[PDB]
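Participant: Got a structure here, written out as structure tokens. Questions coming.
Virtual Cβ from ideal backbone geometry, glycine too; neighbours counted across all protein chains shown. Every number in this text was worked out from the coordinates using simple rules, so none of it is lab data.
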């Protein structure tokens, strides 16, 4: 399970709604956030100079 | 280790433990700055690459 | 930037790859009767990459891409039911994808 | 980028280290009956680095290191007593260290 898709759904749809609720002073989302990862292969970089 | 030896052997306490991460082996990188430089390698390139 | 299309024949395909980019250079010949094509223009050449007889195409509107990048299609299961089946995604034609 | 695998033999090991990169050059000859291997292509070569007849491989989690960097291993001695035998560790293969 790609936990990152779940976390992105939670941040885009769930956390904002709850933090909008009356009475709640702070939401502590206890995980990461989506990000374009660039997994470089240094051996390819070697091959291409 | 002194205090934990003196404490954990004393029956006054149920247990005592370093609530903390134990030392781990590390991999120091010995960079010959002079050697790398002579080959034309800046320290900036090595630092950025690592 | 223009609506000019020219048909041409693949004359030659190189054996050696360029060192800097790792790409092969090819050569085609295009008739230039009206003088439209000028020497040195940057041209995007559409080159056929093999023909498959059993290819499957559904319009892009019907294929959904999930957050992880895997795409699936909505197939009608037994009892007129909706089933999720992941598909391995291929090429592009018009407004239809390949599967 | 491809599953194309080929075998070859090492022919020549240069003796002069490159001054700029601090490397030695080696030359290997590879059969290319289908013409798949193209000149100039970047490739990876798995060169053997010597054979060990009595290589000792242990689970990687079974190695300890002291404050000085000297690696040591717990051993089951006579009488089911744990002994500390110091060890020098080699390379890392999969989930095991070469001893």
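Participant: How high is the relative contact order of chain C, in percent, counting Cα pairs under 8 Å that sit 6 or more residues apart?
Facilitator: 18 percent
Participant: I'd like the mean, over residues of D:33-41, of how many other protein chain beta carbons sit within 10 Å of each residue's own Cβ.
Facilitator: Partner-chain Cβ atoms within 10 Å, mean over residues of D:33-41: 3.
Participant: In nm, what does the list of distances from residue C:49 to its counterparts in the other copies look like, shortest first, when each label sits 7 Å along Cα to Cβ?
Facilitator: Listed shortest first, these distances are 3.7 nm.
Participant: For a footprinting-style exposure proxy, rank B:32, C:14 by other Cβ within 10 Å, fewest first. Before the final figure, lay out the partial values.
Facilitator: Values: B:32 9, C:14 14.
Fewest-to-most ranking of B:32, C:14: B:32, C:14.
Participant: Counting other C-beta atoms within 10 Å, which of A:36, C:41, D:41 has the fewest, and how do the rest follow?
Facilitator: Starting with the residue having the fewest Cβ neighbours, the order is A:36, C:41, D:41.
Participant: Along Cα-to-Cβ, 7 Å out, sits the label point; list in nm, shortest first, how far the one on residue C:29 is from those in the other copies.
Facilitator: Label-point separations across copies, in nm and ascending: 3.9.
Participant: A further question follows. Relative to the other copies, what are the label-point distances for residue C:86, with labels 7 Å from Cα along the C-beta vector, expressed in nm at one decimal and sorted shortest first?
Facilitator: 5.1
Participant: Moving to a separate point now. Which three lengths, in whole Å and largest first, does chain C cover when its Cα atoms are put on their principal axes?
Facilitator: Principal axes ranked by extent give 62, 35, 28 Å for the Cα atoms.
Participant: Counting other beta carbons within 10 Å of each residue's own, what order do D:42, B:15 fall into, fewest first?
Facilitator: Going from least to most buried by this count: B:15, D:42.
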